[PDB]
Amino acid sequence: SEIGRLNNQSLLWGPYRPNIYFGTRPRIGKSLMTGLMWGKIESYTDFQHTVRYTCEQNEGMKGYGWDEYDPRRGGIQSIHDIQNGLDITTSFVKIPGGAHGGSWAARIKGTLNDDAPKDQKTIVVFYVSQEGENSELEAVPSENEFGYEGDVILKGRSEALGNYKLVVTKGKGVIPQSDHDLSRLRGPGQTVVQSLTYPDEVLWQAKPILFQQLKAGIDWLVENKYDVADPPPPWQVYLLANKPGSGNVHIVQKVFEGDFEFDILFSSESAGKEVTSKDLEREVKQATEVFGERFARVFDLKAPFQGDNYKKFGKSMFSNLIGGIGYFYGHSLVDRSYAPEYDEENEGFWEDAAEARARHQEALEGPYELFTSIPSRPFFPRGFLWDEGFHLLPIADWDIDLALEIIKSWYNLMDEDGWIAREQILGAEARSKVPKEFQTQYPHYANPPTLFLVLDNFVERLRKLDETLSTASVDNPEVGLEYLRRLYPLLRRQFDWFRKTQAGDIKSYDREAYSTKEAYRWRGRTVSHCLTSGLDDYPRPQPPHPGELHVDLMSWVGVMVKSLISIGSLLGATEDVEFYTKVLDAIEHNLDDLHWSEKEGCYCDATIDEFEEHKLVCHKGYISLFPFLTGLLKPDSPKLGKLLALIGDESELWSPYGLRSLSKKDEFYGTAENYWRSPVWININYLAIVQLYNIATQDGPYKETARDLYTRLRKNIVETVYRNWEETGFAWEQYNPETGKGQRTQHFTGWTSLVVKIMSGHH
Ligand SMILES: OC[C@@H]1[C@@H](O)[C@H](O)[C@@H](O)CN1CCCCCCNc1cc(-c2cccnn2)cc(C2CC2)c1
């Protein structure tokens, strides 16, 4: 409880809006939020096209991301904007104190690059909103006639934050001056503030709100006879009339000519004295020092990646992953019809389920909150369930208490049945980035339970103030156990939910196997896809069939039982632990009985024939390796040995750039959208690397084969992601096994960041 409050207080504030370039919000649904906008202005019509706010990635943006980051302390982001001729730095720092989650400060620095006109005009906006019924926020008016010569102070209060002040400092840089007539009514040019109110639920719509203000300014020009015969300069046409006051929205606008910088200082009143700029500079310097010392300990890169080039790389991949952390809040779109069509018990079920979907019974429910890292700032900045399992593996190394918060956050979404939606789209802001057709979540749709892998890591660590807090759940064995005590029932709920909702059919067919009980089938497959497995278009039995069994799914259930054995034990859930043991033992047998192909030398999914018999359907690739990847096979297993041969075999899976998702010998290799049908994916390569190492560091017949494969695969995977990063500045979603090129999505940090841990080794 004491550790709990110290964690809460520690993690409350951050730049938890990874969907925008730079903004802040605390981990409270309805509260104070800030966000940055900037754009060059060269004409009367360009600013609407140049202005930056929500993250994107196109030819106008060289790249962006976190150089250093730690959600407890803060960090530094670099933004390389080609369109706007600007290299921007955003430094953010947290200053503990008081009773309301502390203070914070940020510095916004813009440096024109060599290509930009030295006299560029850049509009900068700091947009501040506050949601809540009994809360207040007011801009203190300036002394000067038409705007502010120096600092802008907002005073506010709420129940969550108590009293606070938020200051936007004068900053440094040339502020352009207009000789136009308009300057008699609008000033020659200066910082301005508009203070406004809108219904709370739209405050997130910062760009439209700003533009509506800009447009009203222009309408006033037109009305008041400022015209094309003699027009004010663009930057002055686009500078709002100063109108500070009280409201739930405050727009702070500046125009700078040339290079600029300014500070934002949030001062919690319950803390000591207020935050100054000199405080900002010191806390930033200190944060870097600490970041440096922790990285070197937690991620000590081993040969042959000990060099500085690899260090910078690891720092980038890590900082982007942990820097993705957001806080999301709002309603989600869910079909709670539980239409019987979703049971998928008939042949041709996909058409039935489509019919049900076409009823559109989904409705908004919640609100929910989620504190999570994310795969992709520009393209999908939101929680994905099996992704988060991988994200937290390096995060847990860094700060186990952080990882546990995020696990806890995820589990608090689970409904009464044991279901967590695979994709968390929370609130109208998150929804804006997502077509309607893809918002709806389905209570029968699972996703791999990869969060158990993180739990497994914590368990091993448990058995063997920002520095202290990071590791309080391991350094106090009782803290750890209580966490496990409270989560355990939800883990069990999820286990049972898998076995209720994703059950395969043994008893109803000509099917023999050691267990009558253990068989699984992912719900939600279409003719070409199986989105729930995580391996979108990996080839599965055709056509899809209520008789299908999926070897990956059963392996995940294996992962789950094993975790439950260890957690069950620690809590002395004797009766539970006996039941799990029997489940484990049956999965071990049934994987062989239902999924092993002796003819093919690997595991395979299964269906039933035109003639009602169990047929194996083998497509050599990631799926085929699943019992090995999930840690389920004995190190002396002949089956394992056969998979090692498949893994190392260049004509099948082994490319110079890592393991191919699908074999070059498979008929579906490089077909269709070719998503999981040949490319190299880091998440699955990471599981391979870890399992190879496990076998390499243990007595057995495959020790030396495993050592060789581990050595090379680690090399191949790290070097592929490193070369791509070096060339392009990006982590990529997947890598081309023929060319080694990164392809699909950039800014995928994202499980590609697992490469930090691969380099650091010592599993
Ligand atoms: O990592 C999560 C999952 C994993 O769980 C799965 O295992 C894995 O199979 C797929 N990934 C990703 C699945 C995300 C589906 C939604 C993406 N929609 C989207 C794509 C792009 C885009 C632009 C350019 C190039 N390509 N794409 C742009 C937008 C826009 C805001 C405008 C949205």
# chains A, B, ... in the order shown; residues from 1 in each chain; ligands from 1

$ residues_around --residues "segment 499-510 of chain A" --least-positions-apart "4" --cutoff "8 Å" --atoms "only C-alpha atoms" --output "list in words"
residues 444, 446, 495, 516, 517, 518, 519, 520, 521, 522, 523, 546, 547, 548, 549, 612, 613 and 614 of chain A

$ closest_atom_pairs --of "chain A" --to "ligand 1" --cutoff "7 Å" --atoms "only C-alpha atoms and all ligand atoms" --output "CSV"
residue,atom,partner,partner_atom_place_in_ligand_line,distance
A:375,CA,ligand 1,1 (O),5.2
A:378,CA,ligand 1,31 (C),6.5
A:379,CA,ligand 1,29 (C),4.2
A:380,CA,ligand 1,17 (C),5.6
A:384,CA,ligand 1,5 (O),5.7
A:386,CA,ligand 1,5 (O),6.3
A:387,CA,ligand 1,5 (O),5.6
A:433,CA,ligand 1,31 (C),4.9
A:434,CA,ligand 1,31 (C),6.6
A:531,CA,ligand 1,9 (O),6.9
A:534,CA,ligand 1,7 (O),3.6
A:535,CA,ligand 1,9 (O),5.3
A:536,CA,ligand 1,9 (O),4.8
A:744,CA,ligand 1,26 (N),5.6
A:745,CA,ligand 1,26 (N),5.1
A:750,CA,ligand 1,1 (O),6.8

$ write_last_selection --atoms "N, CA, C and O atoms" --output "compact mmCIF listing (two decimals), in the first residue's frame"
# COMPACT_ATOMS: atom_id res chain seq x y z
N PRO A 375 2.81 0.24 -30.14
CA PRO A 375 3.69 -0.13 -31.25
C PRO A 375 4.15 1.01 -32.14
O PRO A 375 5.27 0.97 -32.63
N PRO A 378 3.08 7.18 -35.14
CA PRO A 378 2.34 7.72 -36.28
C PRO A 378 1.12 6.93 -36.73
O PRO A 378 0.17 7.55 -37.20
N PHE A 379 1.13 5.59 -36.57
CA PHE A 379 0.08 4.83 -37.27
C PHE A 379 -0.93 4.16 -36.35
O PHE A 379 -2.10 4.09 -36.72
N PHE A 380 -0.50 3.64 -35.19
CA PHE A 380 -1.45 3.03 -34.26
C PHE A 380 -1.00 3.25 -32.81
O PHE A 380 -0.53 2.36 -32.11
N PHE A 384 -1.97 -2.71 -27.84
CA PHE A 384 -2.25 -4.02 -28.44
C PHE A 384 -1.76 -5.11 -27.49
O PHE A 384 -0.63 -5.03 -26.97
N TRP A 386 -1.06 -8.70 -27.31
CA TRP A 386 0.16 -9.52 -27.37
C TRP A 386 1.43 -8.70 -27.64
O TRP A 386 2.52 -9.16 -27.32
N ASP A 387 1.29 -7.49 -28.21
CA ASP A 387 2.45 -6.63 -28.45
C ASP A 387 3.03 -6.25 -27.09
O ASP A 387 4.25 -6.19 -26.92
N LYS A 433 -8.30 8.32 -35.12
CA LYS A 433 -7.21 7.72 -35.88
C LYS A 433 -7.59 6.34 -36.44
O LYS A 433 -6.71 5.61 -36.88
N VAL A 434 -8.89 5.98 -36.41
CA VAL A 434 -9.31 4.61 -36.67
C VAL A 434 -10.65 4.61 -37.40
O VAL A 434 -11.64 5.15 -36.91
N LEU A 531 -6.58 -12.95 -37.49
CA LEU A 531 -6.06 -11.74 -36.85
C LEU A 531 -5.78 -11.99 -35.37
O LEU A 531 -4.86 -11.38 -34.81
N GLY A 534 -2.40 -13.11 -33.97
CA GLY A 534 -1.29 -12.18 -34.12
C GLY A 534 -0.55 -12.36 -35.46
O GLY A 534 0.06 -11.40 -35.95
N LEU A 535 -0.66 -13.55 -36.09
CA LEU A 535 0.05 -13.78 -37.34
C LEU A 535 -0.90 -13.65 -38.52
O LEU A 535 -1.27 -14.65 -39.12
N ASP A 536 -1.22 -12.40 -38.88
CA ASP A 536 -2.39 -12.04 -39.66
C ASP A 536 -2.69 -13.05 -40.77
O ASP A 536 -3.75 -13.66 -40.74
N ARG A 744 7.25 -2.24 -44.53
CA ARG A 744 6.03 -1.90 -43.81
C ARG A 744 6.32 -0.65 -43.00
O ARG A 744 7.00 0.24 -43.48
N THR A 745 5.88 -0.65 -41.74
CA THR A 745 5.78 0.56 -40.95
C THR A 745 7.11 0.96 -40.31
O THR A 745 7.86 0.11 -39.81
N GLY A 750 7.12 -0.51 -30.11
CA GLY A 750 7.18 -1.62 -31.03
C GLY A 750 8.21 -2.67 -30.63
O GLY A 750 9.29 -2.34 -30.15

$ select_by_dssp --residues "segment 278-469 of chain A" --states "helix (DSSP H, G or I)" --output "PyMOL selection string"
chain A and resi 278-298+308-323+340-343+349-357+385-398+400-411+427-432+436-438+451-463+466-469

$ closest_residue --among "A:112, A:95, A:758, A:12" --to "residue 693 of chain A" --atoms "only C-alpha atoms"
A:758

$ closest_residue --among "A:213, A:561, A:644, A:570" --to "residue 463 of chain A" --atoms "only C-alpha atoms"
A:570

$ closest_residue --among "A:156, A:29, A:367, A:701" --to "residue 331 of chain A" --atoms "only C-alpha atoms"
A:367

$ residues_around --residues "residue 721 of chain A" --least-positions-apart "2" --cutoff "10 Å" --atoms "only C-alpha atoms" --output "list in words"
residues 313, 317, 657, 682, 716, 717, 718, 719, 723, 724, 725, 726, 730, 731, 732, 734, 735, 740, 741, 742, 752, 753 and 755 of chain A

$ write_last_selection --atoms "N, CA, C and O atoms" --output "compact mmCIF listing (two decimals), in the first residue's frame"
# COMPACT_ATOMS: atom_id res chain seq x y z
N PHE A 313 22.69 3.19 -30.71
CA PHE A 313 21.61 2.46 -31.35
C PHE A 313 20.68 1.88 -30.28
O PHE A 313 19.46 2.05 -30.35
N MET A 317 16.72 2.68 -29.57
CA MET A 317 15.68 1.66 -29.68
C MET A 317 14.96 1.55 -28.34
O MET A 317 13.73 1.48 -28.29
N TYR A 657 19.36 -12.62 -42.68
CA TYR A 657 18.83 -11.47 -41.95
C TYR A 657 17.95 -11.90 -40.78
O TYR A 657 17.37 -11.05 -40.10
N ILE A 682 10.84 -9.40 -35.66
CA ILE A 682 11.76 -9.40 -34.54
C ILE A 682 11.16 -10.14 -33.33
O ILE A 682 11.90 -10.84 -32.62
N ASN A 716 22.77 -11.88 -36.76
CA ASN A 716 21.96 -11.55 -37.93
C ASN A 716 20.84 -10.57 -37.58
O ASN A 716 20.62 -9.61 -38.30
N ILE A 717 20.12 -10.80 -36.47
CA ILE A 717 18.96 -9.99 -36.13
C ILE A 717 19.43 -8.60 -35.69
O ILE A 717 18.94 -7.60 -36.20
N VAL A 718 20.42 -8.56 -34.79
CA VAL A 718 20.91 -7.28 -34.33
C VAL A 718 21.47 -6.48 -35.50
O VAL A 718 21.11 -5.33 -35.70
N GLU A 719 22.29 -7.12 -36.34
CA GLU A 719 22.93 -6.36 -37.40
C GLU A 719 21.88 -5.85 -38.41
O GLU A 719 22.00 -4.74 -38.90
N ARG A 723 21.73 -1.97 -39.11
CA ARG A 723 22.03 -1.39 -40.43
C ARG A 723 20.87 -0.50 -40.93
O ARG A 723 21.12 0.60 -41.43
N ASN A 724 19.63 -1.00 -40.79
CA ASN A 724 18.43 -0.25 -41.18
C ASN A 724 18.30 1.05 -40.37
O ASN A 724 18.02 2.10 -40.93
N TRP A 725 18.55 0.99 -39.06
CA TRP A 725 18.51 2.18 -38.23
C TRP A 725 19.56 3.18 -38.69
O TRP A 725 19.25 4.35 -38.87
N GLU A 726 20.78 2.69 -38.93
CA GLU A 726 21.89 3.54 -39.33
C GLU A 726 21.53 4.32 -40.60
O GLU A 726 21.77 5.53 -40.67
N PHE A 730 15.20 4.66 -38.65
CA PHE A 730 13.97 4.05 -38.14
C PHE A 730 14.18 2.61 -37.68
O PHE A 730 15.03 1.89 -38.23
N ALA A 731 13.37 2.22 -36.68
CA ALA A 731 13.00 0.83 -36.47
C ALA A 731 11.88 0.51 -37.44
O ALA A 731 10.97 1.34 -37.64
N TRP A 732 11.89 -0.72 -37.96
CA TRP A 732 10.85 -1.14 -38.89
C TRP A 732 10.05 -2.31 -38.33
O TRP A 732 10.55 -3.07 -37.50
N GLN A 734 9.09 -5.04 -39.93
CA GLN A 734 9.54 -6.33 -40.41
C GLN A 734 10.67 -6.07 -41.39
O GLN A 734 10.84 -4.94 -41.83
N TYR A 735 11.44 -7.11 -41.72
CA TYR A 735 12.64 -7.00 -42.54
C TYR A 735 12.61 -8.05 -43.65
O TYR A 735 12.14 -9.19 -43.44
N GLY A 740 17.36 -7.59 -46.89
CA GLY A 740 17.64 -7.06 -45.57
C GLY A 740 16.97 -5.71 -45.29
O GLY A 740 17.14 -5.16 -44.20
N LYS A 741 16.21 -5.18 -46.25
CA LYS A 741 15.55 -3.89 -46.08
C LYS A 741 14.43 -3.95 -45.03
O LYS A 741 13.66 -4.91 -44.94
N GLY A 742 14.34 -2.87 -44.24
CA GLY A 742 13.18 -2.64 -43.40
C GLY A 742 11.98 -2.32 -44.28
O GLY A 742 12.12 -1.56 -45.24
N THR A 752 10.20 -4.40 -32.21
CA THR A 752 11.50 -4.41 -32.86
C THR A 752 12.58 -3.97 -31.87
O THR A 752 13.74 -4.40 -31.98
N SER A 753 12.18 -3.10 -30.92
CA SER A 753 13.05 -2.63 -29.85
C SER A 753 13.58 -3.78 -28.97
O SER A 753 14.50 -3.56 -28.19
N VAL A 755 15.57 -5.73 -29.60
CA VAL A 755 16.96 -5.85 -30.03
C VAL A 755 17.93 -5.33 -28.95
O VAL A 755 19.05 -5.84 -28.81

$ residues_around --residues "residue 388 of chain A" --least-positions-apart "2" --cutoff "8 Å" --atoms "only C-alpha atoms" --output "number ranges by chain"
A: 372-374, 383-386, 390-392, 450-451

$ write_last_selection --atoms "N, CA, C and O atoms" --output "PDB file, in the first residue's frame"
ATOM      1  N   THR A 372      -0.128   2.261 -20.983  1.00  0.00           N
ATOM      2  CA  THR A 372       0.528   1.249 -21.793  1.00  0.00           C
ATOM      3  C   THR A 372       1.580   1.859 -22.720  1.00  0.00           C
ATOM      4  O   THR A 372       1.499   3.024 -23.120  1.00  0.00           O
ATOM      5  N   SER A 373       2.568   1.041 -23.096  1.00  0.00           N
ATOM      6  CA  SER A 373       3.409   1.397 -24.222  1.00  0.00           C
ATOM      7  C   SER A 373       2.661   1.005 -25.504  1.00  0.00           C
ATOM      8  O   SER A 373       1.590   0.416 -25.437  1.00  0.00           O
ATOM      9  N   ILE A 374       3.162   1.387 -26.675  1.00  0.00           N
ATOM     10  CA  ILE A 374       2.393   1.280 -27.911  1.00  0.00           C
ATOM     11  C   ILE A 374       3.321   0.826 -29.040  1.00  0.00           C
ATOM     12  O   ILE A 374       4.533   1.048 -28.982  1.00  0.00           O
ATOM     13  N   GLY A 383      -2.878   0.629 -27.242  1.00  0.00           N
ATOM     14  CA  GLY A 383      -2.541  -0.658 -26.645  1.00  0.00           C
ATOM     15  C   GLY A 383      -2.928  -1.814 -27.557  1.00  0.00           C
ATOM     16  O   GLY A 383      -4.075  -1.864 -28.005  1.00  0.00           O
ATOM     17  N   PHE A 384      -1.967  -2.707 -27.840  1.00  0.00           N
ATOM     18  CA  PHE A 384      -2.248  -4.016 -28.436  1.00  0.00           C
ATOM     19  C   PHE A 384      -1.756  -5.108 -27.488  1.00  0.00           C
ATOM     20  O   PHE A 384      -0.635  -5.032 -26.970  1.00  0.00           O
ATOM     21  N   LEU A 385      -2.603  -6.127 -27.288  1.00  0.00           N
ATOM     22  CA  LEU A 385      -2.484  -7.026 -26.145  1.00  0.00           C
ATOM     23  C   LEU A 385      -1.227  -7.895 -26.243  1.00  0.00           C
ATOM     24  O   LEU A 385      -0.404  -7.841 -25.330  1.00  0.00           O
ATOM     25  N   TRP A 386      -1.057  -8.695 -27.314  1.00  0.00           N
ATOM     26  CA  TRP A 386       0.162  -9.515 -27.372  1.00  0.00           C
ATOM     27  C   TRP A 386       1.431  -8.699 -27.640  1.00  0.00           C
ATOM     28  O   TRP A 386       2.525  -9.164 -27.322  1.00  0.00           O
ATOM     29  N   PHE A 390       5.646  -8.163 -25.399  1.00  0.00           N
ATOM     30  CA  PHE A 390       7.005  -8.013 -25.888  1.00  0.00           C
ATOM     31  C   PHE A 390       7.585  -6.676 -25.465  1.00  0.00           C
ATOM     32  O   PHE A 390       8.763  -6.643 -25.134  1.00  0.00           O
ATOM     33  N   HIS A 391       6.768  -5.598 -25.488  1.00  0.00           N
ATOM     34  CA  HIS A 391       7.250  -4.275 -25.125  1.00  0.00           C
ATOM     35  C   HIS A 391       7.826  -4.279 -23.720  1.00  0.00           C
ATOM     36  O   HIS A 391       8.800  -3.562 -23.469  1.00  0.00           O
ATOM     37  N   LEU A 392       7.176  -5.015 -22.803  1.00  0.00           N
ATOM     38  CA  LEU A 392       7.515  -4.898 -21.393  1.00  0.00           C
ATOM     39  C   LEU A 392       8.759  -5.718 -21.057  1.00  0.00           C
ATOM     40  O   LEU A 392       9.268  -5.637 -19.947  1.00  0.00           O
ATOM     41  N   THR A 450       1.018 -13.001 -24.104  1.00  0.00           N
ATOM     42  CA  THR A 450       2.451 -12.744 -23.961  1.00  0.00           C
ATOM     43  C   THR A 450       2.801 -11.967 -22.691  1.00  0.00           C
ATOM     44  O   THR A 450       3.966 -11.954 -22.266  1.00  0.00           O
ATOM     45  N   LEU A 451       1.811 -11.314 -22.075  1.00  0.00           N
ATOM     46  CA  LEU A 451       2.083 -10.689 -20.784  1.00  0.00           C
ATOM     47  C   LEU A 451       2.535 -11.715 -19.744  1.00  0.00           C
ATOM     48  O   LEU A 451       3.240 -11.335 -18.810  1.00  0.00           O
TER      49      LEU A 451
END

$ atom_distance --atom1 "atom CA of residue 204 of chain A" --atom2 "atom CA of residue 429 of chain A"
6.4 Å

$ closest_atom_pairs --of "segment 520-592 of chain A" --to "segment 626-643 of chain A" --cutoff "8 Å" --atoms "only C-alpha atoms" --output "JSON lines"
{"residue": "A:551", "atom": "CA", "partner": "A:626", "partner_atom": "CA", "distance": 6.9}
{"residue": "A:552", "atom": "CA", "partner": "A:626", "partner_atom": "CA", "distance": 5.4}
{"residue": "A:555", "atom": "CA", "partner": "A:627", "partner_atom": "CA", "distance": 5.6}
{"residue": "A:556", "atom": "CA", "partner": "A:630", "partner_atom": "CA", "distance": 7.0}
{"residue": "A:558", "atom": "CA", "partner": "A:632", "partner_atom": "CA", "distance": 6.9}
{"residue": "A:559", "atom": "CA", "partner": "A:630", "partner_atom": "CA", "distance": 6.3}
{"residue": "A:588", "atom": "CA", "partner": "A:632", "partner_atom": "CA", "distance": 7.6}
{"residue": "A:591", "atom": "CA", "partner": "A:627", "partner_atom": "CA", "distance": 8.0}

$ residues_around --residues "segment 469-475 of chain A" --least-positions-apart "4" --cutoff "6 Å" --atoms "only C-alpha atoms" --output "VMD selection string"
chain A and resid 399 to 401 462 465 479 to 480

$ write_last_selection --atoms "C-alpha atoms" --output "mmCIF file, in the first residue's frame"
data_model
loop_
_atom_site.group_PDB
_atom_site.id
_atom_site.type_symbol
_atom_site.label_atom_id
_atom_site.label_comp_id
_atom_site.auth_asym_id
_atom_site.auth_seq_id
_atom_site.Cartn_x
_atom_site.Cartn_y
_atom_site.Cartn_z
ATOM 1 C CA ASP A 399 12.022 -0.677 -14.106
ATOM 2 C CA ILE A 400 10.117 -3.785 -12.985
ATOM 3 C CA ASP A 401 7.724 -1.612 -10.999
ATOM 4 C CA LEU A 462 11.524 -12.644 -7.204
ATOM 5 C CA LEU A 465 13.750 7.206 -4.472
ATOM 6 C CA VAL A 479 5.435 -6.490 -1.933
ATOM 7 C CA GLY A 480 5.997 -8.800 -4.932
#

$ closest_residue --among "A:669, A:737, A:692, A:64" --to "residue 655 of chain A" --atoms "only C-alpha atoms"
A:737

$ atom_distance --atom1 "atom CA of residue 133 of chain A" --atom2 "atom CA of residue 430 of chain A"
22.5 Å

$ atom_distance --atom1 "atom CA of residue 311 of chain A" --atom2 "atom CA of residue 405 of chain A"
27.7 Å

$ closest_residue --among "A:395, A:577, A:713, A:584" --to "residue 557 of chain A" --atoms "only C-alpha atoms"
A:584

$ closest_residue --among "A:124, A:560, A:221, A:339" --to "residue 171 of chain A" --atoms "only C-alpha atoms"
A:124

$ residues_around --residues "residue 695 of chain A" --least-positions-apart "5" --cutoff "7 Å" --atoms "only C-alpha atoms" --output "VMD selection string"
chain A and resid 635 702 to 703 706

$ write_last_selection --atoms "C-alpha atoms" --output "mmCIF file, in the first residue's frame"
data_model
loop_
_atom_site.group_PDB
_atom_site.id
_atom_site.type_symbol
_atom_site.label_atom_id
_atom_site.label_comp_id
_atom_site.auth_asym_id
_atom_site.auth_seq_id
_atom_site.Cartn_x
_atom_site.Cartn_y
_atom_site.Cartn_z
ATOM 1 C CA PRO A 635 16.194 -30.110 -24.126
ATOM 2 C CA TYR A 702 21.917 -30.088 -28.980
ATOM 3 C CA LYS A 703 24.027 -27.785 -26.771
ATOM 4 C CA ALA A 706 22.094 -24.385 -30.311
#

$ residues_around --residues "residue 67 of chain A" --least-positions-apart "4" --cutoff "7 Å" --atoms "only C-alpha atoms" --output "ChimeraX atom specification"
/A:76-78,315-316,319

$ select_by_dssp --residues "segment 328-537 of chain A" --states "strand (DSSP E or B)" --output "list in words"
residues 328, 329, 330, 331, 332, 333, 334, 363, 364, 365, 366, 367, 368, 369, 370, 371, 372, 376, 380, 383, 384, 423, 424, 441, 503, 510 and 520 of chain A
